[PDB]
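Presented below, as structure tokens, is a lone chain in the form deposited in one PDB entry.
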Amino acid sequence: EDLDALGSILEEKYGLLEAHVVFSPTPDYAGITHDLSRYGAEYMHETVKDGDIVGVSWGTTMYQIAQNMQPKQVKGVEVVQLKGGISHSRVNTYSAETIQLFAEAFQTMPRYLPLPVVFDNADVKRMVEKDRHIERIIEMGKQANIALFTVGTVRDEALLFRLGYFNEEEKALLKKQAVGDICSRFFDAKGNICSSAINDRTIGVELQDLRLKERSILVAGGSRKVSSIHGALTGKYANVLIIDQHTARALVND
């Protein structure tokens, strides 16, 4: 693959500011993850500058990126959480450590979002987001000029299907209609929010706000995530894509 050329195709196809088509020797998930994670860290290091407000998220890919981060002597940087929290899982989300590592690399301390990912009732979610203290955190998430995230998939094993937040109807709807999530907000193959009812009781950065950011950075790859990435990029939620060449070719071939 001509990574430059292949990046150009993606930039044209989805209207990206930048598409970084990273060499990975093989197409298996772990290798792709290792290479994108390393590339991600360097990019963040190159890109982050005095005064930036950096919105981050949590998940296995994000954690690996965080671990790879190298210290950078920058000032006035804030690092804020964009994704809500869960109350229990058998696997550690490493959410705290992830934002800690990011914060430390940029000479600041985490701005946490101390809320659950979902409320049972949208009226409660709305009054929580209007809490004077919470609103400031959400506002910092909007002000963020860099946002860093991966996409999740809609497999049976997905975390968010396994936490009691959704009844039979809701899980079936998401499995049928959604291709993935950004920060726990589920979208379809055209980038549309699948269920406004569900999304209206979910906490985290609003997907439409991502489109406004100077750099909205999606790091993702693996055949498992092709539909998800396509949906996210069709919805135009990222302007910078970090992706390996196997996945990048899979996206073009349709």
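One-based numbering along the sequence shown. Take the two forms, find the largest set of C-alpha atoms that superpose within 1.5 Å, and that set is the rigid core.
The discussion below concerns the form deposited in another entry, not included here.
Core-aligned CA deviation for residue 89 between this form and the one not shown: 2 Å or greater. Annotation for residue 160: C-alpha shift of 2 angstroms or more between this form and the one not shown, rigid core superposed.
Put the two forms on the same core and the Cα of residue 74 is off by less than 2 Å between this form and the one not shown.
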